Protein chains: 2
Amino acid sequence: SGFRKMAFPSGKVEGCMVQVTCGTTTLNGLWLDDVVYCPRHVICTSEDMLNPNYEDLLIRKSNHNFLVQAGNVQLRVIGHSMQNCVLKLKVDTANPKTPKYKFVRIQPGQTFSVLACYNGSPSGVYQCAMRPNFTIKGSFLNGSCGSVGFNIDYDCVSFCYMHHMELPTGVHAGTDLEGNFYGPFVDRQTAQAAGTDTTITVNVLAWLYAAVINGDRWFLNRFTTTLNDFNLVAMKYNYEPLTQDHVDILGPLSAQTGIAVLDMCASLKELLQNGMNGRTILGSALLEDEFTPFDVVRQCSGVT
Amino acid sequence: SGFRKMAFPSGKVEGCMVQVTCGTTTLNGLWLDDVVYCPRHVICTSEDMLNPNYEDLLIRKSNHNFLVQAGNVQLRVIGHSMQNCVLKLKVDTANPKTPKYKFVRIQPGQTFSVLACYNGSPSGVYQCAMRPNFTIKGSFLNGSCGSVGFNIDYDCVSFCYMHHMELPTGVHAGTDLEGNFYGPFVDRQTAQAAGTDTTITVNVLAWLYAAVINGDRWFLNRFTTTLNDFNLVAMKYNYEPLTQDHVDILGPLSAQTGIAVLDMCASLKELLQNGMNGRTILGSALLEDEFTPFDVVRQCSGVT
Ligand SMILES: C[C@@H](C(=O)O)c1ccc2c(c1)[nH]c1ccc(Cl)cc12
Ligand SMILES: C[C@@H](C(=O)O)c1ccc2c(c1)[nH]c1ccc(Cl)cc12
């Protein structure tokens, strides 16, 4: 028993982190097969970031200007190309530690682990969720760009995120591994305000099921609701509308606990309207939304 | 910016996890050099756990009864010995992935990362603290015994914890890598109630400094206090007494922010007496105590 905000083991991704330096800028790259992927803003100075013309800036760069270091050994760059907001540097050596991998573009509400790195060296790992406004609330200092987000299914790493920017409000923005930003963000140092950070309702419900499984049951009540009634309260509290697809995804947790999804929605409705009253659920004083239903099943069953 | 509950990258420890089976019991072992370390209760059935005589149970075990598997390859056991509550199985092959390591016995209030494993396979990584009552609040299912806790200093892994038991109240107990339990716990399935789970004051203060550094400043007030006055409030709220040693440890964070330690204690005193009033600090609605001052400095400076 016990329920923790757990990240995937990071070893398979640690084996892929490299340092990329272009001029005076150093950030992280991801080395998979004979390609190194990194944010294209490695070619910018902080001055360039105000209004960068990436195609023009890239014309002044040759393969030998991209310094790629894996541990203490230098990799030879034999080609480079820009794909959306990522640079791909072709190297002459395939990464011997390349795991089985895929590039996936995640949906808002989905979770993933981040291996925060500096100078191609891993510093820490934590579990994130793609917010409904397409930002992530991470822990990224200068030099962390190029750190990646991923999920692991047995031995295959699905890379879903690469860190690019910190918005003026301290939230983070980045791309998938094809270089397309999540949300409306751009790799320019300009006013980029995020939209409403709504709560991922289906994840809060999954976490309430984890709480019931792990013994925390005080919030269970004698009520039920309907999707439409629940959604009237969800709107008021900036929660994402719950759909029948979300109810279906929560089916296995409902079956395991014997608590109908709409009964759990009624517990959540009361928690929203009445608050916690100074109580906690799974060691939290707020309703946690960075565990998907799949995460709850995985952690509660011990998937390796 | 941003502050997350971050675990150390787990790759160096993933390379050490093996599966140990004795009879019908399977748990995890830690393979370092030519020794595999695992909980001695791998020799017990659930029936034996009620009143186990470990020395007597161990007489019926020979080297060939301990099945050690590293991935899909079997390790040959050439010796075994019991050291306190851990079994050490000497194998004929040194682990080629053995990192630089130390065994350390941590103090209550110290944090570490846990690589939760099942059948010698890593499932997830999370950050824990040794509670003042010598329990940990982890995420451990049946089969997780032998999963380890550690800290990493550049390239050296300091192993500090091995999981052994889940107390009847859902909290966890375990040993250091010499097999000595933290706290008064024993490896017997019996009534083992934990003492008061007090809050680690120095860690809450470190986390309030992290909040100030990362922009969350609403809780800063116009007051100061003394250690003795603060400790009168700490006692009332089941917080650990703050010592001059704790004040000294917070010195670097006080210097960086310009907030005197006792001024931060006065902010904490007001937070204890008045509550959060529905507000959050670093995305939390409670006062977080599983970041040490060293963790805050490390994460806020990007140590790899
Ligand atoms: C950066 C990477 C990529 O775009 O995948 C890359 C970049 C350049 C090349 C590449 C892969 N393969 C080549 C084969 C022939 C020639 Cl003339 C150039 C290239
Ligand atoms: C389990 C491990 C340990 O106690 O470290 C171990 C266990 C048994 C032996 C060992 C290390 N080295 C030996 C050298 C000679 C003989 Cl006769 C036995 C052993």
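Every number for a ligand or one of its atoms is a count from 1 in the order of the listing. So you know, we letter chains A, B, ... as the sequences are listed, proteins then strands, and number each from 1.
B:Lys97 meets the salt bridge (charged side-chain N to carboxylate O under 4.0 Å, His left out) test with no other residue; sequence neighbours excluded.
Classification of the A:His163-A:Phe140 ring pair by plane angle, with boundaries at 30° and 60°, yields parallel.
Not a single donor-acceptor pair under 3.5 Å links the side chain of A:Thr25 to the backbone N or O of A:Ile43.
Taking SG from B:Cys145 and CG from B:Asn28, the interatomic distance works out to 8.5 Å, rounded to the nearest 0.5 Å. A distance of 5.5 Å separates NE2 in A:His80 from CG in A:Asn63, rounded to the nearest 0.5 Å.
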B:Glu55/B:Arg40 under salt bridge (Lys or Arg N to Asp or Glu O under 4.0 Å): CA gap, chis, key distance, verdict: CA-CA 10 Å; B:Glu55 286 294 357; B:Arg40 68 175 176 174; over 6 Å; no

Which protein N or O atoms sit under 3.5 Å from any N or O of ligand 1? Give atom names and distances.
unit_1: ligand 1; atom_1: 4 (O); unit_2: A:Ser81; atom_2: OG; d: 2.6

